[PDB]
There are 2 protein chains.
Amino acid sequence: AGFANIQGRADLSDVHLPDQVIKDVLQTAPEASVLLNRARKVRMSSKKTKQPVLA
Amino acid sequence: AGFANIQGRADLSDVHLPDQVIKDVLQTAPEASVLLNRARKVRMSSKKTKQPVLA
């Protein structure tokens, strides 16, 4: 044919028409723990610790 | 005693008469793969690769 030949998106390869990528993941920041910040913090050096109490 | 005495090989130790060893293996020189020599080679960088072709 002579006329009305036109280049469509359907005529090209996936290598001609690639999607753009964003490397940054869409997420919210990780939440910090309640007790690991509110509670008083002590360094243990055995499986158990003991304290005397007035009773 | 007498005149018949001569040293045989059966009279010497395995350390006196050691066998020589040859460290090269007797082997048929390895033919290469057909496809890895004959076919066109490219580096892939993911589980799938795609290319354009004329239609």
# chains A, B, ... in the order shown; residues from 1 in each chain; ligands from 1

$ calpha_fit_rmsd --fixed "chain B" --moving "chain A"
2.3 Å

$ interface_residues --of "chain A" --to "chain B" --cutoff "12 Å" --atoms "only C-alpha atoms" --output "mmCIF file with C-alpha atoms, in the first residue's frame"
data_model
loop_
_atom_site.group_PDB
_atom_site.id
_atom_site.type_symbol
_atom_site.label_atom_id
_atom_site.label_comp_id
_atom_site.auth_asym_id
_atom_site.auth_seq_id
_atom_site.Cartn_x
_atom_site.Cartn_y
_atom_site.Cartn_z
ATOM 1 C CA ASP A 11 5.454 -2.539 16.194
ATOM 2 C CA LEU A 12 8.474 -2.119 18.520
ATOM 3 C CA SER A 13 10.241 -4.611 20.868
ATOM 4 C CA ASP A 14 10.327 -4.541 24.702
ATOM 5 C CA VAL A 15 14.007 -3.460 24.309
ATOM 6 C CA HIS A 16 12.841 -0.309 22.422
ATOM 7 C CA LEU A 17 10.079 0.552 24.950
ATOM 8 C CA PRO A 18 11.490 -0.370 28.427
#

$ select_by_dssp --residues "segment 5-39 of chain A" --states "helix (DSSP H, G or I)" --output "MDAnalysis selection string"
chainID A and resid 9:11 35:38

$ write_last_selection --atoms "C-alpha atoms" --output "PDB file, in the first residue's frame"
ATOM      1  CA  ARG A   9       3.916   1.103  19.971  1.00  0.00           C
ATOM      2  CA  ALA A  10       2.809  -2.455  19.048  1.00  0.00           C
ATOM      3  CA  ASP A  11       5.454  -2.539  16.194  1.00  0.00           C
ATOM      4  CA  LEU A  35      10.488  -1.747  76.266  1.00  0.00           C
ATOM      5  CA  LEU A  36      14.047  -1.667  74.830  1.00  0.00           C
ATOM      6  CA  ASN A  37      13.791   2.188  75.183  1.00  0.00           C
ATOM      7  CA  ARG A  38      11.361   2.829  78.166  1.00  0.00           C
TER       8      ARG A  38
END

$ atom_distance --atom1 "atom CA of residue 20 of chain A" --atom2 "atom CA of residue 43 of chain B"
22.8 Å
